[PDB]
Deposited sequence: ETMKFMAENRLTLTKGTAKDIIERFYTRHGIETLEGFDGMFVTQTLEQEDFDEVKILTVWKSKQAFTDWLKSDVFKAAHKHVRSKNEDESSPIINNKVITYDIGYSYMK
């Protein structure tokens, strides 16, 4: 039913700018109003040369994600948000256990 598909926006940033970028995601622009199950914004630890922030979104299906890519909430979040690189990766969640 839910938590079957995960999407990741991987951001490679100038070292030191990670906090400011992350705070930018406290305003999610209504993504929760969607097949959306949750999101995580992380910072890779022990990085010396670059900062890496990953925006992980969990959905109930790939289509939930692809439809989101086409939504107005996607546009507002993409326009709201240092970033040297920006890559998108997707995954099939084959197993999840939320306690």
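From the N-terminus onward, what segments of the deposited sequence lack any C-alpha atom in this model? Missing from the model are residues 35, 83-91.
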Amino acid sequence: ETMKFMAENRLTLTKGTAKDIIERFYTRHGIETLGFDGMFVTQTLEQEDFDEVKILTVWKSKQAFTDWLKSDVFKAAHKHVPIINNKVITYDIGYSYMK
From here on, numbers count along this sequence of modelled residues.
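Name the higher of the two by mean Cα B-factor in the PDB entry, 24-32 versus 66-74. The stretch with the larger average C-alpha B-factor is 24-32.
Would you check the entry's CA temperature factor for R10 and let me know if it's in the chain's lowest, middle or highest third? Tercile = lowest for this residue's CA B-factor.
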